[PDB]
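Chemist: A structural model of the following input is requested.
(chains A, B and C, ligands or ions: 3)
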Amino acid sequence: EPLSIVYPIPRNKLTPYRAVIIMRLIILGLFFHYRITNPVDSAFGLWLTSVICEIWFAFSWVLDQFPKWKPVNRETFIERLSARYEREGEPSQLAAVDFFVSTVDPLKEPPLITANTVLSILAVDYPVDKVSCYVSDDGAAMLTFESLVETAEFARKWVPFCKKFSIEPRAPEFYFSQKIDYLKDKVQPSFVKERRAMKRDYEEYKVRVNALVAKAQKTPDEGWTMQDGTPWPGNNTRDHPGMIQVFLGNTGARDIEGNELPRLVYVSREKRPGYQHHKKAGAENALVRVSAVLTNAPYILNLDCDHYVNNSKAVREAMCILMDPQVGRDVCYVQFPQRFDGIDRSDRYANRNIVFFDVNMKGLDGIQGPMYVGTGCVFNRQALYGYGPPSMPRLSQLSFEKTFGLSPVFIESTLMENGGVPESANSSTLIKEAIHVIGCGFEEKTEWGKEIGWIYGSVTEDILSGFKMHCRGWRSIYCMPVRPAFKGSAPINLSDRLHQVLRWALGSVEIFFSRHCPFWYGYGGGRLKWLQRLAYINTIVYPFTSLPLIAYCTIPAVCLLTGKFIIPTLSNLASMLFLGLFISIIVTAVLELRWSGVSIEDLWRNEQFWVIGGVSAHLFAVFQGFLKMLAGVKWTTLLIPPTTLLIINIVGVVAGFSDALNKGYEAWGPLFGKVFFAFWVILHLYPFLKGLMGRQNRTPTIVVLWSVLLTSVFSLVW
Amino acid sequence: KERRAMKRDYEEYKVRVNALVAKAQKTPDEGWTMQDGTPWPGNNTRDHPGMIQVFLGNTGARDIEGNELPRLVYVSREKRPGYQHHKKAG
Amino acid sequence: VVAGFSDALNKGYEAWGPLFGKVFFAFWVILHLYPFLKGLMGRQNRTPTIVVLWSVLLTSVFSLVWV
Ligand SMILES: OC[C@H]1O[C@@H](O[C@H]2[C@H](O)[C@@H](O)[C@H](O[C@H]3[C@H](O)[C@@H](O)[C@H](O[C@H]4[C@H](O)[C@@H](O)[C@H](O[C@H]5[C@H](O)[C@@H](O)[C@H](O)O[C@@H]5CO)O[C@@H]4CO)O[C@@H]3CO)O[C@@H]2CO)[C@H](O)[C@@H](O)[C@@H]1O
Ligand SMILES: O=c1ccn([C@@H]2O[C@H](COP(=O)(O)OP(=O)(O)O[C@H]3O[C@H](CO)[C@@H](O)[C@H](O)[C@H]3O)[C@@H](O)[C@H]2O)c(=O)[nH]1
Ligand SMILES: [Mg+2]
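Modeler: Residues are numbered from 1 along each chain as shown, chains lettered A, B, ... in the order given. Ligands and ions are numbered 1, 2, ... in the order given. Shown next is the structure:
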């Protein structure tokens, strides 16, 4: 019996989708041929720009549509996994999972959300002897350490309450603050009595965390001192010896009933002046090394502080694909879509970004698998080390020493076929080794960052890290449980959203000019599907499509102002080509909507969000990347380019009416073509540039100004 | 003071009703059996002898204070194969 | 109705008003059964795409038949 079944599109919604895109190519090819024939539109310069710019979009669509070829849907069952592995005979044979939570500063991001995430991690519906949790704080702060201690104390009450009543979500902050009737399917007789006590307990706990957070607002002049009566080892944010501690472990705090709980490990890296420490890749690599020595597990799950587990069966759902003997043989990681809560019904800023996850990720899952996003991925431990998929021909102590590190325990740790303490040494030695294997200069002669684990370099290291793992023949899987199984927080204000988009664009640009560029990287040895390298090419060259986009957004104003002629008037042959072009985009979207399940509105918003993203963030990102590449922004500054097009288009397009109207006003329709084409650009970036800022909500009664002054300058001309 | 206790009791009752509903999702192979230790008279949806019972009547359960409550009568019609039974009018 | 306009525009477009009458009759019909019949499909309004879907259908038909 198969643990998971992978079925493609049911063939009723697939062939039409393939047949429309394949037809669109021929229509585009014929459309391009017709334009190239015409050599003149009263301005050779505009003709050169428009044809070149339009050609770029066609390649972008080609690089963007083929990856969506052959979408694949997957279904997973947990009962068979439990029946096959849990076994009434016992013991369970389920694989271990390690959770990584990364933090940087307690003040910038509240620790309550981090504490709620940690509580969610420990409540997974998985054997307690298997799952483990790791929390990493780049900036050693007493608030984070104390918050975990408080979180561990409250975990004694929270865990048994969650397990006995099987409540979901298991994060108290995101569970109690829910208006869904909590008495929906509960059958236990004493659910209400325990729930009322738990809600009282959580509120008391929430107060303690707030007191702890507010306490640390002022820093004592001498420095932080632990309760035992010793200084906190890290008193300087830029200098603190590596710290490792174990909380709520097997040998320690137990549950109120008397059971054990998943072990929580608090590890902080060692920072010293004069050394460069990477932001997230370094922390993840340190966690991987620590996890291997402390509790070597065959799978690693990475999560962010904001994100929390929403489905208690996520570990089982993730493990049913990875632990399947047949399909799980070659799987580097299992990607889970990131779903954001606390978002209005009308997602103005397209924060949920369902189009990418519900279209691209599902479509891209058909070739090899999705791309690493940064969270909700169950990485195979061997895959991170960079060995290569099993059942393949090809991917000494010195080689292991030069490939992994100097610590013999960690070197010997990876030799373990499954995972665990090799010779069950005393905890002190393992702790001492774990403290030693997080040295500041530990990764000096090693390949960490270069070819093993998380990859250093670009800001968006997640894309880079996934690319190298897939380059060695590994596969990834896409999971879409009925429940999200992973939820976090999305940006609320635009300043963070635009910075988020800019940061993604800058990282991709850095990848393009780095050695890890899909154009000339990974060709040697193959093992990468030719149809997936196109997706990587698309994912790395997408920012460059913005420069023609701004040019395409600039042609309507330049033409409509003086030239007023981009293409020759239709010769009774372009009408069908233009008609075929416009209809082609509509039909493909419907079929893509038909099988993907996304809503048309989100597609319009995503299409309406791509245009604004390209003009503003990518243009600066490409120029900044080009400037940085040559060398080796504010919310106000980021909005400068898009405003320029908004002003130029609106003044240009409207001025076209005035100058054209003062003219014979009989040779119009080209005005409509340029006006409508100008409307195309403005309508794409009008709702955001206006909506994203606006004053309060549309209805300003200020739109009359354009009518008057343009009717007044018209009156000045009329 | 009474309202808080009443809300707690109603929540407990709702939990009990939800448990009772969820328990009945899977029917036993032999058939439903009453608490006293006898089979439920109607084991077939299309065949069940007519049943009548009285709960919370004048002679029965009384209020906490000591007063009486309106009588409740649960009646299930008799259905047998080979006859046409109307949905609501009958 | 949208076809009517098209043909009505290709015609002499001078003896109209009967065109207005038929348009108003079709509009009385359409306004009555458009809200419930279409609003059931979509969240609040697919105007984001419906208007452009309908608008291009007019110009596209206005052009193709005009050829
Ligand atoms: O990368 C690291 C980072 O990724 C995050 O996920 C990102 C993802 O990486 C991005 O690729 C994605 O951006 C895609 C947009 O969603 C997508 O809509 C758009 O594709 C455009 C395309 O550029 C455009 O040419 C074409 O549209 C047509 C127009 O409508 C027409 O007007 C014009 O004439 O012709 C074109 C084509 O013929 O197709 C679409 C629609 O505009 O751009 C990207 C496509 O790859 O955003 C994601 C946001 O999450 C991830 O979340 C992070 O965790 C990670 O760090
Ligand atoms: O030196 C650091 C600084 C921050 N973090 C944390 O690791 C993640 C890095 O995120 P960051 O680069 O600071 O920007 P964010 O906007 O918080 O996160 C973006 O980048 C993540 C992947 O790196 C994505 O999961 C998010 O959706 C995306 O919003 C966050 O949890 C941070 O708190 C570190 O691990 N090391
Ligand atoms: Mg963020």
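Chemist: in stretch A:216-236, what's buried?
Modeler: A:216, A:224, A:232, A:234-235 (16 or more other C-beta atoms under 10 Å in any protein chain shown). C-beta coordinates here come from the backbone N, C-alpha and C atoms, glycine included.
Chemist: Tabulate the residues you listed (TSV), appending secondary structure.
Modeler: Below are these laid out as TSV (DSSP: H, G, I helix; E, B strand; the rest coil):
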residue	secondary structure
A:216	coil
A:224	coil
A:232	coil
A:234	coil
A:235	coil
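Chemist: Excluding covalently adjacent residues, which one is nearest to the residue of the stretch 251-400 of chain A with the smallest separation from chain C?
Modeler: Residue nearest to chain C within the stretch 251-400 of chain A: residue A:345 (7.7 Å; C-beta to the nearest C-beta). The shortest distance from residue A:345 to any non-neighbouring residue, by C-beta to C-beta, 6 or more residues apart in numbering or on different chains, is to residue C:43 (7.7 Å).
Chemist: check contacts around the one you found.
Modeler: For residue C:43, the contact set (C-beta atoms under 8 Å, 6 or more residues apart in numbering or on different chains) comprises A:345, A:599, A:601.
Chemist: Which of those residues fall within strands?
Modeler: Using DSSP state E, no member of these sits in strands.
Chemist: and those residues as JSON lines, adding neighbour count?
Modeler: Output for those, formatted as JSON lines (neighbours: other C-beta atoms under 10 Å in any protein chain shown):
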{"residue": "A:345", "neighbour count": "6"}
{"residue": "A:599", "neighbour count": "17"}
{"residue": "A:601", "neighbour count": "19"}
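Chemist: List just the nearest of the buried residues of stretch A:216-236 to chain B.
Modeler: residue A:216 (38.0 Å).
Chemist: Could you double-check that the closest one sits in contact with residue A:106?
Modeler: Yes - between residue A:216 and residue A:106 there is a contact at 7.4 Å, judged by C-beta atoms under 8 Å.
Chemist: which residues are common contacts for these two?
Modeler: Residues touching both residue A:216 and residue A:106 (C-beta under 8 Å, 6+ apart) are A:141, A:143.
Chemist: ok, for residue A:576, nearest residue in space, not its chain neighbours?
Modeler: Of all residues not flanking residue A:576 in the chain, residue C:64 sits nearest, at 7.7 Å (C-beta to C-beta, 6+ apart).
Chemist: The one you found and ligand 2: what is the separation?
Modeler: Distance of residue C:64 to ligand 2, given as C-beta to the nearest ligand atom, to the nearest Å: 46 Å.
Chemist: give me the element the residue of chain A found nearest chain C is part of.
Modeler: Per C-beta to the nearest C-beta, residue A:604 is where chain A lies closest to chain C, at 4.4 Å. Assigning secondary structure by DSSP states H and E places residue A:604 in helix A:600-613.
Chemist: what does residue C:6 give?
Modeler: Using DSSP H and E, residue C:6 falls within helix C:2-10.
Chemist: Report all helices and strands that the helix or strand just after that helix contacts.
Modeler: Once the chain leaves helix C:2-10, the next helix or strand it forms, by DSSP H and E, is helix C:18-33. Identification of packing neighbours for helix C:18-33 by 3 or more C-beta pairs under 8 Å, 6 or more residues apart in numbering or on different chains; DSSP states H and E yields helix C:2-10.
Chemist: contacting residues around the helix it packs on?
Modeler: Outside helix C:2-10, the residues touching it (C-beta under 8 Å, 6+ apart) are C:16, C:19, C:22-23, C:26, C:57-58, C:61-62, C:65-66.
Chemist: if we go to 6 Å?
Modeler: Helix C:2-10 is contacted from outside by C:19, C:58, C:61-62, C:65, using C-beta atoms under 6 Å, 6 or more residues apart in numbering or on different chains.
Chemist: Which among those residues count as buried?
Modeler: Here, 16+ other C-beta under 10 Å leaves residue C:19 buried among the contacts of helix C:2-10.
Chemist: Mind checking which of the contacts of helix C:2-10 are in helices?
Modeler: Within those, residues falling in helices by DSSP state H are C:19, C:58, C:61-62.
Chemist: which of the residues you listed lies closest to chain A?
Modeler: Once C-beta to the nearest C-beta is applied, the member of the ones in helices among the contacts of helix C:2-10 that ends up nearest chain A is residue C:61, at 9.5 Å.
Chemist: Please enumerate the strands of the stretch 401-550 of chain A.
Modeler: In the stretch 401-550 of chain A, the strands defined using DSSP state E, counting those that start in this stretch lie at A:476-478, A:487-488.
Chemist: Which secondary structure elements does the shortest one sit against?
Modeler: So that's strand A:487-488. Applying 3 or more C-beta pairs under 6 Å, 6 or more residues apart in numbering or on different chains; DSSP states H and E, we find strand A:487-488 packed against no helix or strand.
Chemist: swap the cut-off to 10 Å and go again
Modeler: If contacts are counted by 3 or more C-beta pairs under 10 Å, 6 or more residues apart in numbering or on different chains; DSSP states H and E, strand A:487-488 sits against helix A:111-122, strand A:339-340.
Chemist: With mean neighbour count and distance to residue A:278 added, can I get these in a markdown table?
Modeler: Compiled in a markdown table, these are given as follows (neighbours: other C-beta atoms under 10 Å in any protein chain shown; distance: least, C-beta to C-beta, whole Å):
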| stretch | mean neighbour count | distance to residue A:278 |
| --- | --- | --- |
| helix A:111-122 | 25 | 21 |
| strand A:339-340 | 19 | 26 |
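Chemist: one step back: so which pair among the ones in helices among the contacts of helix C:2-10 is furthest apart in space?
Modeler: C:19 and C:61 (16.2 Å; C-beta to C-beta).
Chemist: Show the backbone phi and psi for the residue of chain C positioned farthest from its centre.
Modeler: The centre of chain C is farthest from one residue, residue C:43, which by C-alpha atoms, centre = their mean lies 22.7 Å away. Main-chain torsions, residue C:43, degrees, to the nearest 10: phi -80, psi -80.
Chemist: quick one: contacts for the residue nearest to residue A:604 when sequence neighbours are not counted?
Modeler: Spatial nearest neighbour of residue A:604, excluding adjacent residues (C-beta to C-beta, 6+ apart): residue C:48 at 4.4 Å. Counting by C-beta atoms under 10 Å, 6 or more residues apart in numbering or on different chains, residue C:48 touches A:599-605, A:607-608, A:687, C:42.
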